[PDB]
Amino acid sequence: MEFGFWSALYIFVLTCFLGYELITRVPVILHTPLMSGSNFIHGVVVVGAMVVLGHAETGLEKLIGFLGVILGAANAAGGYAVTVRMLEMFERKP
């Protein structure tokens, strides 16, 4: 929806269909890991919190940007960690 309007709009919808399409046919046993890893993926928020923190002037901007980035990074770090732990339930003990 920007850079520029039409192009971006295709990008929204193309991704919406694709997001959807990849997930159809997931077995039930894979629900929650999928859930965990997609949770991880949206962790990219940091990158936008980053840019916000790194362009902040007034200082109320500092704090909330700082939060943003802490929140962001938890999302990623945690997500990754959790998904890995979930995935190990599938492995035999050697």
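The first residue of the shown sequence is 1; numbering continues from there.
- Based on the entry's C-alpha B-factors, the most elevated value among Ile29, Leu53, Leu34, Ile41 belongs to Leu53.
- Remark: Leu60 belongs to the highest third of its chain, ranked by C-alpha B-factor as recorded.
- Remark: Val82 belongs to the lowest third of its chain, ranked by C-alpha B-factor as recorded.
- Sort the modelled residues of the chain by CA B factor and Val46 lands in the lowest third.
- In the PDB entry, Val13 places in the highest third of its chain by CA B-factor.
- The PDB entry assigns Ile23 a C-alpha temperature factor belonging to the highest third of its chain's modelled residues.
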